[PDB]
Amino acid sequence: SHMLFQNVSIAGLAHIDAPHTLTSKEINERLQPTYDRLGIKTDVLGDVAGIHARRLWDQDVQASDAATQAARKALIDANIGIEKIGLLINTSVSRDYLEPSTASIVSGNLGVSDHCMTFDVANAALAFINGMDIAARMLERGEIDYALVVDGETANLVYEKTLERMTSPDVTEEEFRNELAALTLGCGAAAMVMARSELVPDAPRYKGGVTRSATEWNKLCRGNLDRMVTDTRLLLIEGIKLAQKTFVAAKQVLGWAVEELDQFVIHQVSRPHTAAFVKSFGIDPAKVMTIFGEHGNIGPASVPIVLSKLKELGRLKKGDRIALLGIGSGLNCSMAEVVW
């Protein structure tokens, strides 16, 4: 077994693209006076990070609202009603309150039954995969028939407040550099219905995978509702080191050889980080979908949004082996397999 999941399936999947486009060109317009004062002559967003646009919601959209929208769409995709759901996990970085959980708010919106178990999982960009594993352990055992894993991310306030701080006459070069990665974040949402395979014999299978950690690096990227501070240089170097460890494990437990994988669904922090990742493991770039260029980094929703987009694009065929991979602040790294 190697503790891989048996008879756990993806019954439904969906994403929501946030409606309002914010271009790096617009951003650079606002920041230009500060660029000039600091003597920055390069387009650090568009050319260095490789981000050309990102999407935002309306101001009044909460994490629970975006998650609820994705969940209803996924329920339709699995062709089931909310009454079938025995577990709902919300995995987002964004959250409505410290208490109650965002999951309870989403569950109240959807109308789950009084038998439905709900809670949040938080773990930066890897939480959706953590949520899938937790649901999978219940599904494999047969405690429930169907689960929802949900995730809505809102970056509105971080853009609003970061831009104000950075266009201050008094902003220091250090603060500017520290906060710049915030302007690579994006809004979006995703949700997945997982099921016992017996109920959905033709659905994709989720096998799980492996995780490794380097929690001595927990200071590298710190975020709250209106601020994210990031050591981008160190994140890259230490992130890659951690992935290599995780890849050794993936080869032991998953039996992975890169040329035998059909798709790589990778969490994205920037264009150069992704290029370094791919170069490191000899991955065929044709096997790596990216949406960072126009959606930026959607935190823990990124992986399932990309998977959902691949499905919607017709890129996924029966029997395709799909690798889910990411490095999340912590640091953590998880790699898991789906067989379409």
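Numbering starts at 1 and follows the sequence shown.
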item	value
Mean C-alpha temperature factor, higher of 273 to 281 and 287 to 295	273 to 281
Mean C-alpha B-factor comparison - 330 to 338 and 1 to 9, higher one	1 to 9
Residue selected from 134, 125, 149, 258 by maximal Cα B factor	258
Options 179, 120, 83, 153 - largest CA temperature factor per the record	83
CA B-factor ranking of residue 54, expressed as a third of its chain	lowest
CA B-factor ranking of residue 68, expressed as a third of its chain	lowest
Residue 34 by Cα B-factor - lowest, middle or highest third of the modelled chain	highest
Third of chain Cα B-factors occupied by residue 62	middle
Ranked against its chain, the third holding the CA B-factor of residue 78	highest
